[PDB]
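**Student:** If it helps, the file is called model_27.tsv and holds TSV, C-alpha atoms and all ligand atoms:
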chain	number	residue	atom	x	y	z
F	1	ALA	CA	0.00	0.00	0.00
F	2	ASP	CA	3.10	2.27	-0.09
F	3	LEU	CA	3.19	4.43	-3.18
F	4	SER	CA	5.57	3.29	-5.91
F	5	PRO	CA	7.92	5.85	-7.34
F	6	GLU	CA	5.63	6.24	-10.35
F	7	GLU	CA	2.64	6.85	-8.09
F	8	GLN	CA	4.59	9.39	-5.98
F	9	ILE	CA	5.48	11.37	-9.14
F	10	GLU	CA	1.90	11.29	-10.39
F	11	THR	CA	0.49	12.22	-6.99
F	12	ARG	CA	2.80	15.21	-6.46
F	13	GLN	CA	2.08	16.38	-10.00
F	14	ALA	CA	-1.65	16.15	-9.22
F	15	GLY	CA	-1.27	18.31	-6.12
F	16	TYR	CA	0.66	20.99	-7.97
F	17	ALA	CA	-1.76	21.02	-10.92
F	18	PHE	CA	-4.73	21.36	-8.62
F	19	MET	CA	-3.07	24.20	-6.65
F	20	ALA	CA	-2.32	25.95	-9.91
F	21	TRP	CA	-5.94	25.81	-11.05
F	22	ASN	CA	-7.08	27.37	-7.77
F	23	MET	CA	-4.33	30.03	-7.88
F	24	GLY	CA	-5.61	30.99	-11.31
F	25	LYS	CA	-9.11	31.54	-9.94
F	26	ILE	CA	-7.74	33.83	-7.23
F	27	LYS	CA	-5.80	35.84	-9.83
F	28	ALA	CA	-8.94	36.16	-11.93
F	29	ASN	CA	-11.02	37.44	-9.01
F	30	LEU	CA	-8.38	40.01	-8.12
F	31	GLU	CA	-8.08	41.27	-11.70
F	32	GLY	CA	-11.82	41.47	-12.34
F	33	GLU	CA	-14.96	41.23	-10.25
F	34	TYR	CA	-14.16	39.78	-6.81
F	35	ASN	CA	-16.19	36.79	-5.63
F	36	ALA	CA	-15.15	36.40	-2.05
F	37	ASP	CA	-16.72	32.97	-1.60
F	38	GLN	CA	-14.99	31.59	-4.70
F	39	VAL	CA	-11.69	33.01	-3.42
F	40	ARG	CA	-12.25	31.38	-0.01
F	41	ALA	CA	-12.78	27.98	-1.64
F	42	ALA	CA	-9.72	28.38	-3.91
F	43	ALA	CA	-7.47	29.65	-1.11
F	44	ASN	CA	-8.58	26.73	1.10
F	45	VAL	CA	-7.38	24.32	-1.60
F	46	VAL	CA	-3.96	26.00	-1.78
F	47	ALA	CA	-3.61	26.02	1.98
F	48	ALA	CA	-4.67	22.41	2.34
F	49	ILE	CA	-2.45	21.04	-0.44
F	50	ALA	CA	0.56	23.12	0.67
F	51	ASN	CA	0.19	21.67	4.13
F	52	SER	CA	-0.52	18.04	3.12
F	53	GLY	CA	2.95	16.59	3.56
F	54	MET	CA	4.01	16.40	-0.13
F	55	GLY	CA	7.64	15.80	0.94
F	56	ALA	CA	6.53	12.15	1.39
F	57	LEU	CA	6.18	12.02	-2.43
F	58	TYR	CA	9.92	12.60	-3.05
F	59	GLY	CA	11.19	9.11	-2.15
F	60	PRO	CA	13.96	7.07	-3.70
F	61	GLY	CA	13.52	6.34	-7.38
F	62	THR	CA	11.43	9.43	-7.98
F	63	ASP	CA	14.31	11.39	-9.61
F	64	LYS	CA	13.97	9.64	-12.96
F	65	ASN	CA	11.22	9.34	-15.46
F	66	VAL	CA	9.31	6.06	-15.03
F	67	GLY	CA	8.37	4.89	-18.56
F	68	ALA	CA	5.71	7.29	-19.96
F	69	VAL	CA	5.62	9.05	-16.53
F	70	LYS	CA	8.05	11.96	-16.85
F	71	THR	CA	9.15	14.19	-13.97
F	72	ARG	CA	10.16	17.83	-14.06
F	73	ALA	CA	11.99	17.55	-10.75
F	74	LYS	CA	15.65	18.52	-11.36
F	75	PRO	CA	18.58	16.54	-9.97
F	76	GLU	CA	19.34	19.63	-7.88
F	77	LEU	CA	16.14	19.00	-5.88
F	78	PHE	CA	17.37	15.58	-4.64
F	79	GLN	CA	20.81	17.08	-3.84
F	80	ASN	CA	19.25	19.72	-1.59
F	81	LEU	CA	16.33	18.04	0.16
F	82	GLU	CA	16.65	20.20	3.26
F	83	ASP	CA	16.44	23.47	1.27
F	84	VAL	CA	13.51	22.07	-0.73
F	85	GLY	CA	11.83	21.29	2.58
F	86	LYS	CA	12.39	24.85	3.77
F	87	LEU	CA	10.88	26.24	0.53
F	88	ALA	CA	7.90	23.91	1.02
F	89	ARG	CA	7.45	25.24	4.55
F	90	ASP	CA	7.54	28.78	3.26
F	91	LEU	CA	4.70	27.83	0.90
F	92	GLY	CA	2.74	26.17	3.70
F	93	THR	CA	2.92	29.28	5.89
F	94	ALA	CA	2.14	31.70	3.02
F	95	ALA	CA	-0.77	29.51	1.85
F	96	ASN	CA	-2.28	29.43	5.34
F	97	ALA	CA	-2.03	33.24	5.38
F	98	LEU	CA	-3.81	33.37	2.03
F	99	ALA	CA	-6.68	31.24	3.34
F	100	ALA	CA	-6.91	33.48	6.43
F	101	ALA	CA	-6.94	36.62	4.21
F	102	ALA	CA	-9.61	35.09	1.99
F	103	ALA	CA	-11.76	34.29	5.04
F	104	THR	CA	-11.96	38.07	5.75
F	105	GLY	CA	-13.57	38.60	2.34
F	106	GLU	CA	-11.35	41.64	1.59
F	107	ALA	CA	-9.70	41.70	-1.83
F	108	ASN	CA	-6.77	43.90	-0.69
F	109	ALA	CA	-5.70	41.45	1.99
F	110	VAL	CA	-5.92	38.60	-0.47
F	111	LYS	CA	-3.91	40.52	-3.02
F	112	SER	CA	-0.97	40.77	-0.61
F	113	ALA	CA	-1.19	37.20	0.63
F	114	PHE	CA	-1.57	35.91	-2.96
F	115	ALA	CA	1.67	37.68	-3.96
F	116	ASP	CA	3.50	36.03	-1.10
F	117	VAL	CA	2.20	32.56	-2.13
F	118	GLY	CA	3.11	33.08	-5.78
F	119	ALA	CA	6.61	34.13	-4.72
F	120	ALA	CA	6.94	30.90	-2.73
F	121	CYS	CA	5.87	28.76	-5.72
F	122	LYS	CA	8.34	30.60	-7.96
F	123	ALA	CA	11.25	30.40	-5.49
F	124	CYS	CA	11.08	26.62	-5.56
F	125	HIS	CA	10.48	26.35	-9.27
F	126	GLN	CA	13.46	28.57	-10.12
F	127	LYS	CA	15.81	26.23	-8.31
F	128	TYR	CA	14.25	22.83	-8.61
F	129	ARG	CA	11.72	22.46	-11.48
F	130	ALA	CA	12.60	22.06	-15.16
F	131	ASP	CA	10.98	24.49	-17.60
A	2	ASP	CA	-10.80	29.61	-19.45
A	3	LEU	CA	-9.38	26.04	-19.34
A	4	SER	CA	-9.29	24.04	-22.64
A	5	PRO	CA	-11.17	20.70	-22.62
A	6	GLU	CA	-7.90	18.79	-22.25
A	7	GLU	CA	-6.91	21.00	-19.25
A	8	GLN	CA	-10.34	20.46	-17.62
A	9	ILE	CA	-9.90	16.67	-17.89
A	10	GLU	CA	-6.38	16.80	-16.51
A	11	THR	CA	-7.42	19.11	-13.68
A	12	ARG	CA	-10.42	17.07	-12.54
A	13	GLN	CA	-8.28	13.91	-12.63
A	14	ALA	CA	-5.69	15.70	-10.51
A	15	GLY	CA	-8.29	16.68	-7.90
A	16	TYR	CA	-9.65	13.15	-7.58
A	17	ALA	CA	-6.15	11.61	-7.47
A	18	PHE	CA	-5.01	14.01	-4.78
A	19	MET	CA	-8.19	13.42	-2.71
A	20	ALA	CA	-7.61	9.73	-2.97
A	21	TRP	CA	-4.07	10.00	-1.60
A	22	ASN	CA	-5.39	11.92	1.40
A	23	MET	CA	-8.25	9.47	1.93
A	24	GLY	CA	-5.64	6.70	2.15
A	25	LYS	CA	-3.79	8.60	4.86
A	26	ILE	CA	-6.99	8.88	6.92
A	27	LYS	CA	-7.58	5.13	6.47
A	28	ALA	CA	-4.04	4.41	7.64
A	29	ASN	CA	-4.61	6.47	10.78
A	30	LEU	CA	-7.93	4.74	11.46
A	31	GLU	CA	-6.35	1.25	10.96
A	32	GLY	CA	-3.02	1.93	12.62
A	33	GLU	CA	-1.59	4.59	15.00
A	34	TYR	CA	-4.13	7.44	14.90
A	35	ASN	CA	-2.63	10.94	14.73
A	36	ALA	CA	-5.14	13.76	15.01
A	37	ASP	CA	-2.95	16.27	13.24
A	38	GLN	CA	-2.31	13.95	10.30
A	39	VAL	CA	-6.06	13.42	10.06
A	40	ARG	CA	-6.65	17.21	10.11
A	41	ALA	CA	-4.23	17.82	7.28
A	42	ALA	CA	-5.67	15.02	5.11
A	43	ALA	CA	-9.30	15.87	5.92
A	44	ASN	CA	-8.63	19.51	5.02
A	45	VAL	CA	-7.49	18.44	1.56
A	46	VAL	CA	-10.56	16.25	0.98
A	47	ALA	CA	-12.93	19.01	2.15
A	48	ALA	CA	-11.17	21.71	0.18
A	49	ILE	CA	-11.06	19.74	-3.07
A	50	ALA	CA	-14.67	18.58	-2.66
A	51	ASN	CA	-15.85	22.22	-2.30
A	52	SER	CA	-13.56	23.70	-5.07
A	53	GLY	CA	-16.10	24.02	-7.88
A	54	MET	CA	-15.01	20.91	-9.80
A	55	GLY	CA	-18.31	20.93	-11.78
A	56	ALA	CA	-16.61	23.78	-13.76
A	57	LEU	CA	-14.24	21.04	-15.07
A	58	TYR	CA	-17.10	19.26	-16.91
A	59	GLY	CA	-17.45	21.61	-19.83
A	60	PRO	CA	-18.30	20.95	-23.43
A	61	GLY	CA	-15.75	18.78	-25.29
A	62	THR	CA	-14.56	17.07	-22.08
A	63	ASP	CA	-16.76	14.06	-22.82
A	64	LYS	CA	-14.20	12.66	-25.21
A	65	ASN	CA	-10.50	11.96	-25.20
A	66	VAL	CA	-8.32	14.83	-26.48
A	67	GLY	CA	-5.38	13.26	-28.25
A	68	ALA	CA	-3.19	11.61	-25.62
A	69	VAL	CA	-5.36	12.99	-22.85
A	70	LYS	CA	-7.92	10.30	-22.12
A	71	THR	CA	-10.97	10.64	-19.91
A	72	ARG	CA	-12.56	7.85	-17.93
A	73	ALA	CA	-15.82	9.71	-17.51
A	74	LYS	CA	-18.84	7.79	-18.85
A	75	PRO	CA	-20.76	9.49	-21.59
A	76	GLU	CA	-23.89	9.14	-19.40
A	77	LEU	CA	-22.34	11.68	-16.95
A	78	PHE	CA	-22.91	14.46	-19.48
A	79	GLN	CA	-26.56	13.48	-19.96
A	80	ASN	CA	-27.21	13.92	-16.22
A	81	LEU	CA	-25.21	16.95	-15.07
A	82	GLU	CA	-27.66	18.08	-12.46
A	83	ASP	CA	-27.47	14.67	-10.79
A	84	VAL	CA	-23.69	14.69	-11.09
A	85	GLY	CA	-23.74	17.97	-9.23
A	86	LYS	CA	-26.02	16.58	-6.59
A	87	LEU	CA	-23.59	13.67	-6.03
A	88	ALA	CA	-20.68	16.13	-5.90
A	89	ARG	CA	-22.61	18.12	-3.32
A	90	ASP	CA	-23.12	14.97	-1.24
A	91	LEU	CA	-19.33	14.56	-1.28
A	92	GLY	CA	-18.82	18.20	-0.33
A	93	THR	CA	-21.13	18.08	2.66
A	94	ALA	CA	-19.69	14.69	3.87
A	95	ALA	CA	-16.17	16.04	3.44
A	96	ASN	CA	-16.89	19.28	5.31
A	97	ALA	CA	-18.29	17.16	8.12
A	98	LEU	CA	-15.11	15.07	8.10
A	99	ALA	CA	-12.88	18.18	8.25
A	100	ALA	CA	-15.00	19.86	10.96
A	101	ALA	CA	-14.79	16.74	13.11
A	102	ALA	CA	-11.08	16.39	12.48
A	103	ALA	CA	-10.43	20.10	13.22
A	104	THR	CA	-12.01	19.77	16.67
A	105	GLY	CA	-10.49	16.43	17.41
A	106	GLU	CA	-13.80	14.48	17.37
A	107	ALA	CA	-12.36	11.05	16.52
A	108	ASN	CA	-15.69	9.13	16.60
A	109	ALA	CA	-17.26	11.61	14.20
A	110	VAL	CA	-14.14	11.48	12.03
A	111	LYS	CA	-14.41	7.69	11.73
A	112	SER	CA	-18.09	7.83	10.77
A	113	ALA	CA	-17.65	10.80	8.39
A	114	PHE	CA	-14.77	9.02	6.67
A	115	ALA	CA	-17.13	6.15	5.76
A	116	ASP	CA	-19.73	8.61	4.43
A	117	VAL	CA	-17.19	10.40	2.34
A	118	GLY	CA	-16.10	7.10	0.85
A	119	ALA	CA	-19.69	6.19	0.12
A	120	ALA	CA	-20.13	9.52	-1.74
A	121	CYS	CA	-17.10	8.80	-3.91
A	122	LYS	CA	-18.53	5.35	-4.72
A	123	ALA	CA	-22.04	6.59	-5.46
A	124	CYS	CA	-20.79	8.89	-8.22
A	125	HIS	CA	-18.36	6.35	-9.63
A	126	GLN	CA	-21.07	3.69	-9.89
A	127	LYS	CA	-23.17	5.91	-12.11
A	128	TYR	CA	-20.72	8.04	-13.95
A	129	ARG	CA	-17.13	6.62	-14.03
A	130	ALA	CA	-16.01	4.17	-16.80
A	131	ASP	CA	-14.50	1.44	-14.56
F	201	LIG	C1	9.18	23.46	-2.53
F	201	LIG	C2	9.11	23.19	-4.00
F	201	LIG	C3	7.83	23.60	-4.69
F	201	LIG	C4	6.87	24.54	-4.28
F	201	LIG	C5	6.77	25.42	-3.09
F	201	LIG	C6	5.89	24.53	-5.36
F	201	LIG	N1	6.25	23.68	-6.38
F	201	LIG	FE1	5.31	23.43	-8.17
F	201	LIG	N2	6.62	21.99	-8.65
F	201	LIG	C7	7.70	21.57	-7.95
F	201	LIG	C8	8.39	20.47	-8.55
F	201	LIG	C9	9.67	19.84	-8.06
F	201	LIG	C10	7.64	20.11	-9.65
F	201	LIG	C11	7.82	18.98	-10.61
F	201	LIG	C12	7.05	17.73	-10.09
F	201	LIG	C13	7.30	16.50	-10.95
F	201	LIG	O1	7.19	16.64	-12.20
F	201	LIG	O2	7.63	15.45	-10.38
F	201	LIG	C14	6.52	21.06	-9.66
F	201	LIG	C15	5.60	21.11	-10.72
F	201	LIG	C16	4.52	22.06	-10.82
F	201	LIG	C17	3.65	22.16	-11.93
F	201	LIG	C18	3.75	21.37	-13.20
F	201	LIG	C19	2.57	20.61	-13.56
F	201	LIG	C20	2.33	19.64	-12.46
F	201	LIG	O3	1.11	19.47	-12.13
F	201	LIG	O4	3.22	18.95	-11.93
F	201	LIG	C21	2.75	23.22	-11.65
F	201	LIG	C22	1.58	23.70	-12.43
F	201	LIG	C23	3.15	23.68	-10.35
F	201	LIG	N3	4.26	23.04	-9.92
F	201	LIG	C24	2.47	24.71	-9.63
F	201	LIG	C25	2.79	25.14	-8.32
F	201	LIG	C26	2.05	26.21	-7.67
F	201	LIG	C27	0.88	26.93	-8.18
F	201	LIG	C28	2.69	26.33	-6.44
F	201	LIG	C29	2.43	27.30	-5.30
F	201	LIG	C30	1.02	27.56	-4.94
F	201	LIG	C31	3.79	25.40	-6.42
F	201	LIG	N4	3.83	24.73	-7.60
F	201	LIG	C32	4.72	25.32	-5.40
F	201	LIG	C33	8.12	22.14	-6.74
F	201	LIG	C34	7.41	23.12	-6.00
F	202	LIG	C1	-19.73	13.56	-8.49
F	202	LIG	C2	-18.83	12.54	-9.17
F	202	LIG	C3	-17.59	12.09	-8.45
F	202	LIG	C4	-17.32	12.10	-7.10
F	202	LIG	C5	-18.11	12.57	-5.90
F	202	LIG	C6	-15.98	11.52	-7.00
F	202	LIG	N1	-15.55	11.07	-8.18
F	202	LIG	FE1	-13.76	10.12	-8.53
F	202	LIG	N2	-14.11	10.28	-10.56
F	202	LIG	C7	-15.22	10.75	-11.17
F	202	LIG	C8	-15.11	10.74	-12.60
F	202	LIG	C9	-16.15	11.12	-13.55
F	202	LIG	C10	-13.77	10.34	-12.87
F	202	LIG	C11	-13.12	10.25	-14.17
F	202	LIG	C12	-12.44	11.62	-14.48
F	202	LIG	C13	-11.90	11.62	-15.84
F	202	LIG	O1	-11.14	10.70	-16.22
F	202	LIG	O2	-12.14	12.61	-16.61
F	202	LIG	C14	-13.19	10.09	-11.58
F	202	LIG	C15	-11.87	9.63	-11.36
F	202	LIG	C16	-11.26	9.31	-10.14
F	202	LIG	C17	-9.91	8.83	-10.00
F	202	LIG	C18	-8.92	8.67	-11.14
F	202	LIG	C19	-8.31	10.08	-11.46
F	202	LIG	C20	-7.18	9.92	-12.42
F	202	LIG	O3	-6.03	9.88	-11.97
F	202	LIG	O4	-7.46	9.86	-13.61
F	202	LIG	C21	-9.74	8.60	-8.65
F	202	LIG	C22	-8.50	8.10	-7.90
F	202	LIG	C23	-10.96	9.02	-8.01
F	202	LIG	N3	-11.86	9.38	-8.94
F	202	LIG	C24	-11.14	9.03	-6.63
F	202	LIG	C25	-12.18	9.69	-5.92
F	202	LIG	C26	-12.28	9.80	-4.52
F	202	LIG	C27	-11.29	9.27	-3.51
F	202	LIG	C28	-13.50	10.52	-4.27
F	202	LIG	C29	-14.11	10.86	-3.02
F	202	LIG	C30	-13.29	11.36	-1.92
F	202	LIG	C31	-14.06	10.75	-5.55
F	202	LIG	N4	-13.30	10.20	-6.52
F	202	LIG	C32	-15.32	11.36	-5.76
F	202	LIG	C33	-16.37	11.25	-10.48
F	202	LIG	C34	-16.46	11.46	-9.10
F	203	CL	CL	-35.39	19.45	-11.90
Here is the file; what I need is its structure written in the form of structure tokens.

**Tutor:**
Amino acid sequence: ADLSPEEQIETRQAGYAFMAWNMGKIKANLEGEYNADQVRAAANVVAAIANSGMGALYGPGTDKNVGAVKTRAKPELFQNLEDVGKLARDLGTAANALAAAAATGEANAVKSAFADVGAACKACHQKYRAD
Amino acid sequence: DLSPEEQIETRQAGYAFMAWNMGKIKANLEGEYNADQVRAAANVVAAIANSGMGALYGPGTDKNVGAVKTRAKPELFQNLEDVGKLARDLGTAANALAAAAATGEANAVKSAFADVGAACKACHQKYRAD
């Protein structure tokens, strides 16, 4: 019942893809008409996934593509697992702050907290995700 | 606006990531129970279940898009109101699971976990090609 390396890659990819979809809804609400309840729901996804323990999905054998299952994790990620962990914690904390800002229903607060989350996604990607 | 292929990929991602978190709750219920692990996993299930995934069932997502295959049954698209009702049953079961987990109510967590799983199953039985 332990996830295989292939399953760990697919599962982490699923979490990132689903965060990204919800981030996009927050961006859309900030740029246009603001639907506070939609932003709450989206922010809760980002907070929950960022705090779900995704480091468990970076086990041995998950550095390589597995047949048709390709990873964008760079070798640098597996060489620096402690720094990756720190960047993940920065996302967890920022994402919780985004969900708390969204709970207030105030677009301005969300705008700030959303910037801090996006910066945390980008900080990790710049170092550890292939383009 | 997401393309059809992106809607398929995104809904698949949501279900896959829920499933991983469901398995963590099951492991806590069958093994050494950790309330904080259960909170984190329950929060994912509740959040994903309430994230507006019906928006991922747009036109053109009833068929495979090149290499991107869907396992949704064609009947799903003939019954979208019911699909939404079943999604809503998941959302209210999952919020109950997360509320119980948040407050440390382990009996209610155990029972809500079974109701969540039943909601997954109810939709699959009708609407997933398996
Ligand atoms: C601490 C590191 C880290 C953080 C933080 C992080 N990512 Fe990533 N991201 C990755 C890695 C590594 C991959 C490649 C995963 C793979 O292919 O195995 C990835 C891949 C992705 C992908 C590629 C498609 C996919 O589904 O895999 C998207 C989209 C994505 N991330 C979005 C996000 C968003 C949005 C956030 C912030 C809300 C985020 N990521 C935060 C490390 C991170
Ligand atoms: C209201 C309908 C509905 C509910 C509720 C639902 N599912 Fe599904 N599920 C589907 C459909 C439809 C697919 C196929 C998606 C596709 O391939 O486009 C699917 C696919 C999946 C997949 C495969 C995703 C992949 O990787 O392709 C898993 C795993 C899954 N569901 C688990 C769950 C779990 C766990 C729950 C409950 C916590 C759940 N589902 C609730 C409709 C639902
Ligand atoms: Cl009716």

**Student:** Could you list, as a PyMOL selection string, the residues of chain A having an atom within 7 Å of chain F when counting only C-alpha atoms?

**Tutor:** chain A and resi 11+14-15+17-18+41-42+44-45+48-49+51-52

**Student:** Next, dump the selected residues to file, keeping only C-alpha atoms, as a PDB file, keeping the file's coordinate frame.

**Tutor:**
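What follows is the written file out.pdb:
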ATOM      1  CA  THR A  11      -7.420  19.110 -13.680  1.00  0.00           C
ATOM      2  CA  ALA A  14      -5.690  15.700 -10.510  1.00  0.00           C
ATOM      3  CA  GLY A  15      -8.290  16.680  -7.900  1.00  0.00           C
ATOM      4  CA  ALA A  17      -6.150  11.610  -7.470  1.00  0.00           C
ATOM      5  CA  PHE A  18      -5.010  14.010  -4.780  1.00  0.00           C
ATOM      6  CA  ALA A  41      -4.230  17.820   7.280  1.00  0.00           C
ATOM      7  CA  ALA A  42      -5.670  15.020   5.110  1.00  0.00           C
ATOM      8  CA  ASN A  44      -8.630  19.510   5.020  1.00  0.00           C
ATOM      9  CA  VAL A  45      -7.490  18.440   1.560  1.00  0.00           C
ATOM     10  CA  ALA A  48     -11.170  21.710   0.180  1.00  0.00           C
ATOM     11  CA  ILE A  49     -11.060  19.740  -3.070  1.00  0.00           C
ATOM     12  CA  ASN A  51     -15.850  22.220  -2.300  1.00  0.00           C
ATOM     13  CA  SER A  52     -13.560  23.700  -5.070  1.00  0.00           C
TER      14      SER A  52
END

**Student:** From the set F:73, F:68, F:36, F:121, which residue has the shortest atom-to-atom contact distance to residue 88 of chain F, counting only C-alpha atoms?

**Tutor:**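 Selected residue with least distance to residue 88 of chain F: F:121.
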
**Student:** Counting all atoms listed in the file, which of A:57, A:83, A:92, A:71 gets nearest to ligand LIG 202 (chain F)?

**Tutor:** A:71

**Student:** Residues contacting ligand LIG 202 (chain F) - anything with an atom at most 8 Å away, using all atoms listed in the file - can you give me those as a PDB file with C-alpha atoms, in the frame of the given file?

**Tutor:**
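To be explicit, this is the file written out as result_3.pdb:
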ATOM      1  CA  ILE A   9      -9.900  16.670 -17.890  1.00  0.00           C
ATOM      2  CA  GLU A  10      -6.380  16.800 -16.510  1.00  0.00           C
ATOM      3  CA  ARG A  12     -10.420  17.070 -12.540  1.00  0.00           C
ATOM      4  CA  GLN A  13      -8.280  13.910 -12.630  1.00  0.00           C
ATOM      5  CA  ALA A  14      -5.690  15.700 -10.510  1.00  0.00           C
ATOM      6  CA  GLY A  15      -8.290  16.680  -7.900  1.00  0.00           C
ATOM      7  CA  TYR A  16      -9.650  13.150  -7.580  1.00  0.00           C
ATOM      8  CA  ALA A  17      -6.150  11.610  -7.470  1.00  0.00           C
ATOM      9  CA  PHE A  18      -5.010  14.010  -4.780  1.00  0.00           C
ATOM     10  CA  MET A  19      -8.190  13.420  -2.710  1.00  0.00           C
ATOM     11  CA  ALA A  20      -7.610   9.730  -2.970  1.00  0.00           C
ATOM     12  CA  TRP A  21      -4.070  10.000  -1.600  1.00  0.00           C
ATOM     13  CA  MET A  23      -8.250   9.470   1.930  1.00  0.00           C
ATOM     14  CA  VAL A  46     -10.560  16.250   0.980  1.00  0.00           C
ATOM     15  CA  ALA A  50     -14.670  18.580  -2.660  1.00  0.00           C
ATOM     16  CA  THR A  62     -14.560  17.070 -22.080  1.00  0.00           C
ATOM     17  CA  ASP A  63     -16.760  14.060 -22.820  1.00  0.00           C
ATOM     18  CA  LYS A  70      -7.920  10.300 -22.120  1.00  0.00           C
ATOM     19  CA  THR A  71     -10.970  10.640 -19.910  1.00  0.00           C
ATOM     20  CA  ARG A  72     -12.560   7.850 -17.930  1.00  0.00           C
ATOM     21  CA  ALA A  73     -15.820   9.710 -17.510  1.00  0.00           C
ATOM     22  CA  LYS A  74     -18.840   7.790 -18.850  1.00  0.00           C
ATOM     23  CA  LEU A  77     -22.340  11.680 -16.950  1.00  0.00           C
ATOM     24  CA  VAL A  84     -23.690  14.690 -11.090  1.00  0.00           C
ATOM     25  CA  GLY A  85     -23.740  17.970  -9.230  1.00  0.00           C
ATOM     26  CA  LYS A  86     -26.020  16.580  -6.590  1.00  0.00           C
ATOM     27  CA  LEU A  87     -23.590  13.670  -6.030  1.00  0.00           C
ATOM     28  CA  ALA A  88     -20.680  16.130  -5.900  1.00  0.00           C
ATOM     29  CA  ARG A  89     -22.610  18.120  -3.320  1.00  0.00           C
ATOM     30  CA  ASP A  90     -23.120  14.970  -1.240  1.00  0.00           C
ATOM     31  CA  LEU A  91     -19.330  14.560  -1.280  1.00  0.00           C
ATOM     32  CA  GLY A  92     -18.820  18.200  -0.330  1.00  0.00           C
ATOM     33  CA  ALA A  95     -16.170  16.040   3.440  1.00  0.00           C
ATOM     34  CA  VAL A 117     -17.190  10.400   2.340  1.00  0.00           C
ATOM     35  CA  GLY A 118     -16.100   7.100   0.850  1.00  0.00           C
ATOM     36  CA  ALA A 119     -19.690   6.190   0.120  1.00  0.00           C
ATOM     37  CA  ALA A 120     -20.130   9.520  -1.740  1.00  0.00           C
ATOM     38  CA  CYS A 121     -17.100   8.800  -3.910  1.00  0.00           C
ATOM     39  CA  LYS A 122     -18.530   5.350  -4.720  1.00  0.00           C
ATOM     40  CA  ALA A 123     -22.040   6.590  -5.460  1.00  0.00           C
ATOM     41  CA  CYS A 124     -20.790   8.890  -8.220  1.00  0.00           C
ATOM     42  CA  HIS A 125     -18.360   6.350  -9.630  1.00  0.00           C
ATOM     43  CA  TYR A 128     -20.720   8.040 -13.950  1.00  0.00           C
ATOM     44  CA  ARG A 129     -17.130   6.620 -14.030  1.00  0.00           C
ATOM     45  CA  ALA A 130     -16.010   4.170 -16.800  1.00  0.00           C
TER      46      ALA A 130
END

**Student:** Edge lengths and centre, in Å to one decimal, as JSON: that's what I need for the box along x, y and z that holds all listed atoms of ligand LIG 201 (chain F) plus 4 Å on each side.

**Tutor:**
{"center_x": 5.3, "center_y": 21.5, "center_z": -8.0, "size_x": 16.8, "size_y": 20.1, "size_z": 19.0}

**Student:** Grab the atom CA of residue 57 of chain F to atom CA of residue 5 of chain F distance for me, in Å with one decimal place.

**Tutor:**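 Spanning atom CA of residue 57 of chain F to atom CA of residue 5 of chain F is a straight-line distance of 8.1 Å.
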
**Student:** Find the residue from A:64, A:29, A:82, A:8 that sits nearest to residue 114 of chain A; use only C-alpha atoms when measuring.

**Tutor:** A:29

**Student:** Would you please work out which residue, of A:69, A:43, A:110, A:3, is nearest to residue 25 of chain A when using only C-alpha atoms?

**Tutor:**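 Among A:69, A:43, A:110, A:3, it is A:43 that comes nearest to residue 25 of chain A.
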
**Student:** Pick the closest to residue 83 of chain F from F:130, F:9, F:123, F:2: which is it, counting only C-alpha atoms?

**Tutor:**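 Closest residue, counting only C-alpha atoms: F:123.
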
**Student:** Pick from A:22, A:126, A:38, A:4: nearest to residue 76 of chain A, with only C-alpha atoms counted?

**Tutor:** A:126
